[PDB]
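A.B. asks: The following block contains the structure, expressed as structure tokens.
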Amino acid sequence: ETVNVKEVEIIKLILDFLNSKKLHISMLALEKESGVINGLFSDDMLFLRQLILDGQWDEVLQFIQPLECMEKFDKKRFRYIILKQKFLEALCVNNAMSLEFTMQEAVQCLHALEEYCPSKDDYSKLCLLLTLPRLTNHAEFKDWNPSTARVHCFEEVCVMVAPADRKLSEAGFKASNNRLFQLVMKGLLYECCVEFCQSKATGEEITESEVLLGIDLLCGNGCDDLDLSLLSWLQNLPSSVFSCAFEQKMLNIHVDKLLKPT
Amino acid sequence: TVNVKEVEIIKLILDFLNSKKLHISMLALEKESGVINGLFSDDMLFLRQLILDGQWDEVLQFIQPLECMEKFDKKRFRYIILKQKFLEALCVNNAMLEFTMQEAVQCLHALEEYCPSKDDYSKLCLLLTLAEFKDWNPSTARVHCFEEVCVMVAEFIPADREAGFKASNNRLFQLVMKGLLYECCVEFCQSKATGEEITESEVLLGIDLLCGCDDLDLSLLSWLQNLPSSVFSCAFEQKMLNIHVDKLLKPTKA
Amino acid sequence: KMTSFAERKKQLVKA
Amino acid sequence: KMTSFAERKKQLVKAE
């Protein structure tokens, strides 16, 4: 009758949530403050991550060059991603300077990227972005952050590099995709079932729509909340209703998405 | 057919960060999401962001219109404001162009006329030689300062009310544990329906916090719907539930 | 120790 | 549409 939970796993859950909602500045703050990182990377993969998140593109290029002559290592796409992020950062520095030499740096990055581009049309789009007073005036690059772009670059680079890590017993757990939202909705469903069972026993039998519209995510009616009543109730109960076929209704969620400040 | 707002989830995360005193992350999330856990007037929010962003003279100018009131302690407010200012000045001076010791001494003798007792100020004077109470985090200190000034300025700054927008306390933890218990209940119902022996300790040990990737659906709710109403009042032991929480390995760097 | 379910609602209401 | 706990259990164990 005892359960063990780790706060580091809860912080991994909220880190996965922040990443799923593109709150990458909050994610990096939470990582550097609590020390935890969602996942288990190599001792050198952490170095590569710190390089990518700090904008050390030349160091990233000299770091993976030992892996140049390989087999499935797509050096074309790797260098394309790195130099494209470098060029976009130089362009964001240039268009905000309005100059000096940032235009020279942007054009040098564009010439370095001139070869690794997958198509000439994408290179034309890049050289067209070079002219705009703000690269965010393009529909594709409209919502573009340096931090989110660096996180995406690292996510694309590790999937190609991984090239090892140390195996552990249970230190290699990540947080499954949308695990915190799933656990929150499952806890809300547990509250709904407990309310449906406490009301059905207490006389008034409402339709299942009542207990679903009575969902309160912010305030919880249960002060202690966990009474461990549903499990012990299922414990001593006839085993015939477990083989009772039921309806397969679908759970319809409508998420009021976040209005992030620009 | 339910309504879920990501703002409420972010309020739960904010409450969780405040419970563990991860205030740098809490402030970063507030700034990046535009979400604030709790009800505040348009003036209380302004005082809040002034205190959090480190604008002390602006706070003093903002609350000066309330110091003339009778039922107000204008001695402790300026005391704590100038104390936090002096501590932040001392901290920014302790960093390895220097003219900050002048500002440190000015902030010290700016609060000399506001300390409750003289021995407290005398001890404060000894801090210029160093770290004798180093749980002092600026973000945490600014949050504590905002709380200590809000528990006294709200009498004149009404809340314009109810507390229906606050993320409760530890509600994220409760909902996570309840989701784990829902997974335990569904694994029990699957076990005793497929011809498998099962007990209560094994389903409790079978808790996968980080993820048993049983997908989300209302199957248990429909099973409760299509189930007779004559067995919903049985006799079962109210067990002794305990949750041991392995606390955080908060590192030492700032 | 104790056996009740319909009493759990009343015990929660008594608060 | 109808579904049972045993059906879901078998769907899950026959999908690893």
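We label chains A, B, ... in the order they appear in the structure tokens, count residues from 1 in each chain, and number ligands from 1 in the order shown.
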Just want the 9 Å neighbourhood of range 121-127 of chain B, counted on only C-alpha atoms, with same-chain residues fewer than 3 positions away dropped. Output as a PyMOL selection string.

C.D. replies: chain B and resi 90+108+111-112+115-118+130-132

A.B. asks: For the selection just defined, write its residues with N, CA, C and O atoms to a file, as a PDB file, in the first residue's frame.

C.D. replies:
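Generated file (again02.pdb):
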ATOM      1  N   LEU B  90      24.682  44.211  -3.761  1.00  0.00           N
ATOM      2  CA  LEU B  90      25.831  43.491  -3.222  1.00  0.00           C
ATOM      3  C   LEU B  90      26.155  42.262  -4.065  1.00  0.00           C
ATOM      4  O   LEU B  90      27.329  41.974  -4.335  1.00  0.00           O
ATOM      5  N   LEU B 108      22.510  50.569   1.442  1.00  0.00           N
ATOM      6  CA  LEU B 108      22.572  50.223   2.858  1.00  0.00           C
ATOM      7  C   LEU B 108      22.086  51.378   3.725  1.00  0.00           C
ATOM      8  O   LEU B 108      21.153  51.224   4.522  1.00  0.00           O
ATOM      9  N   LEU B 111      18.305  52.274   3.884  1.00  0.00           N
ATOM     10  CA  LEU B 111      17.397  51.482   4.700  1.00  0.00           C
ATOM     11  C   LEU B 111      17.755  51.512   6.178  1.00  0.00           C
ATOM     12  O   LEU B 111      17.075  50.865   6.980  1.00  0.00           O
ATOM     13  N   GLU B 112      18.812  52.238   6.553  1.00  0.00           N
ATOM     14  CA  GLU B 112      19.180  52.348   7.960  1.00  0.00           C
ATOM     15  C   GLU B 112      18.053  52.957   8.784  1.00  0.00           C
ATOM     16  O   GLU B 112      17.852  52.574   9.943  1.00  0.00           O
ATOM     17  N   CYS B 115      14.980  49.914   9.566  1.00  0.00           N
ATOM     18  CA  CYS B 115      15.091  48.622  10.221  1.00  0.00           C
ATOM     19  C   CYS B 115      14.314  48.621  11.538  1.00  0.00           C
ATOM     20  O   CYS B 115      14.233  49.646  12.222  1.00  0.00           O
ATOM     21  N   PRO B 116      13.728  47.479  11.914  1.00  0.00           N
ATOM     22  CA  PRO B 116      12.970  47.418  13.173  1.00  0.00           C
ATOM     23  C   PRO B 116      13.860  47.585  14.393  1.00  0.00           C
ATOM     24  O   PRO B 116      13.531  48.338  15.314  1.00  0.00           O
ATOM     25  N   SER B 117      14.992  46.887  14.405  1.00  0.00           N
ATOM     26  CA  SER B 117      15.955  46.966  15.489  1.00  0.00           C
ATOM     27  C   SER B 117      17.325  47.331  14.932  1.00  0.00           C
ATOM     28  O   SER B 117      17.596  47.182  13.738  1.00  0.00           O
ATOM     29  N   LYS B 118      18.194  47.815  15.822  1.00  0.00           N
ATOM     30  CA  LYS B 118      19.511  48.276  15.400  1.00  0.00           C
ATOM     31  C   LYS B 118      20.496  47.126  15.220  1.00  0.00           C
ATOM     32  O   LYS B 118      21.407  47.224  14.389  1.00  0.00           O
ATOM     33  N   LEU B 130      31.932  39.646   2.875  1.00  0.00           N
ATOM     34  CA  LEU B 130      31.981  38.319   2.272  1.00  0.00           C
ATOM     35  C   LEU B 130      32.095  38.406   0.753  1.00  0.00           C
ATOM     36  O   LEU B 130      32.424  37.423   0.089  1.00  0.00           O
ATOM     37  N   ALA B 131      26.569  35.261   2.616  1.00  0.00           N
ATOM     38  CA  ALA B 131      27.011  33.891   2.538  1.00  0.00           C
ATOM     39  C   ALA B 131      26.847  33.264   3.915  1.00  0.00           C
ATOM     40  O   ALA B 131      27.520  32.293   4.215  1.00  0.00           O
ATOM     41  N   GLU B 132      25.964  33.803   4.755  1.00  0.00           N
ATOM     42  CA  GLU B 132      25.662  33.166   6.025  1.00  0.00           C
ATOM     43  C   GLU B 132      24.247  32.604   6.067  1.00  0.00           C
ATOM     44  O   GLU B 132      23.876  31.980   7.065  1.00  0.00           O
TER      45      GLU B 132
END

A.B. asks: Kindly provide, as a PyMOL selection string, the residues of chain A having any atom no farther than 7 Å from an atom of chain B, counting only C-alpha atoms.

C.D. replies: chain A and resi 1-9+23+25-26+29-30+34-35+173-176+182-184+186-188+190+193+197+201+212-213+217-219+225+228-229+231-233+236+239+241-243+246-248+250-258+260-261

A.B. asks: Compile the contact shell of residue 6 in chain C as a PyMOL selection string: residues with an atom at most 7 Å away, counting only C-alpha atoms, same-chain residues fewer than 2 positions apart removed.

C.D. replies: (chain A and resi 198+201-202) or (chain B and resi 233) or (chain C and resi 4+8-9)

A.B. asks: By how many Å are CA of residue 103 in chain A and CA of residue 130 in chain A apart?

C.D. replies: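 Computing the Euclidean distance for CA of residue 103 in chain A and CA of residue 130 in chain A yields 9.0 Å.
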
A.B. asks: For the contact check between chain D and chain A, emit one row per residue of chain D within 8 Å, containing the shortest atom pair and the distance in Å rounded to one decimal, counting only C-alpha atoms, chain then rising number order, as CSV.

C.D. replies:
residue,atom,partner,partner_atom,distance
D:1,CA,A:248,CA,6.2
D:2,CA,A:247,CA,4.9
D:3,CA,A:246,CA,5.6
D:4,CA,A:245,CA,4.6
D:5,CA,A:243,CA,6.9
D:6,CA,A:243,CA,7.1

A.B. asks: Dump N, CA and C atoms for the selected residues as an mmCIF file, in the first residue's frame?

C.D. replies:
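Wrote it out as again-v6.cif, contents follow:
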data_model
loop_
_atom_site.group_PDB
_atom_site.id
_atom_site.type_symbol
_atom_site.label_atom_id
_atom_site.label_comp_id
_atom_site.auth_asym_id
_atom_site.auth_seq_id
_atom_site.Cartn_x
_atom_site.Cartn_y
_atom_site.Cartn_z
ATOM 1 N N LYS D 1 -21.582 -0.435 -32.219
ATOM 2 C CA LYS D 1 -20.265 -1.006 -31.963
ATOM 3 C C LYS D 1 -20.147 -1.481 -30.519
ATOM 4 N N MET D 2 -19.531 -2.646 -30.326
ATOM 5 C CA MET D 2 -19.370 -3.242 -29.008
ATOM 6 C C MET D 2 -17.937 -3.721 -28.830
ATOM 7 N N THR D 3 -17.427 -3.591 -27.605
ATOM 8 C CA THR D 3 -16.059 -3.967 -27.281
ATOM 9 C C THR D 3 -16.019 -4.439 -25.834
ATOM 10 N N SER D 4 -15.066 -5.320 -25.530
ATOM 11 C CA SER D 4 -14.927 -5.880 -24.196
ATOM 12 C C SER D 4 -13.504 -5.688 -23.685
ATOM 13 N N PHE D 5 -13.365 -5.791 -22.359
ATOM 14 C CA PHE D 5 -12.048 -5.699 -21.737
ATOM 15 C C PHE D 5 -11.115 -6.778 -22.264
ATOM 16 N N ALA D 6 -11.625 -8.002 -22.422
ATOM 17 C CA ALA D 6 -10.810 -9.074 -22.979
ATOM 18 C C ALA D 6 -10.396 -8.759 -24.410
#

A.B. asks: Can you tell me which residues surround residue 149 in chain B at a distance of at most 10 Å, considering only C-alpha atoms, apart from same-chain residues fewer than 3 positions away, and format the answer as a list in words?

C.D. replies: residues 47, 48, 51, 63, 76, 77, 78, 80, 81, 143, 144, 145, 146, 152, 153 and 154 of chain B

A.B. asks: What gap, in Å, lies between CA of residue 10 in chain A and CA of residue 36 in chain B?

C.D. replies: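 The value is 20.6 Å.
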
A.B. asks: Which is closest to chain D among B:187, B:70, B:197, B:79, if we use only C-alpha atoms?

C.D. replies: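 Ranking B:187, B:70, B:197, B:79 by distance to chain D, first place goes to B:187.
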
A.B. asks: Which is closest to residue 83 in chain B among B:37, B:138, B:61, B:96, if we use only C-alpha atoms?

C.D. replies: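 Smallest distance to residue 83 in chain B is found for B:138.
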
A.B. asks: In Å to one decimal, how far is CA of residue 158 in chain A from CA of residue 48 in chain A?

C.D. replies: 8.7 Å

A.B. asks: Excluding residue 15 in chain D and residues on its chain fewer than 6 positions from it, collect all residues at most 12 Å away from it, counting only C-alpha atoms, and give them as a list in words.

C.D. replies: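 Those residues are residues 213 and 214 of chain B; 8 and 9 of chain D.
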
A.B. asks: As a PyMOL selection string, list the residues of range 10-245 of chain B assigned to strand (DSSP E or B) by DSSP on the backbone atoms of this structure.

C.D. replies: chain B and resi 237+242-245
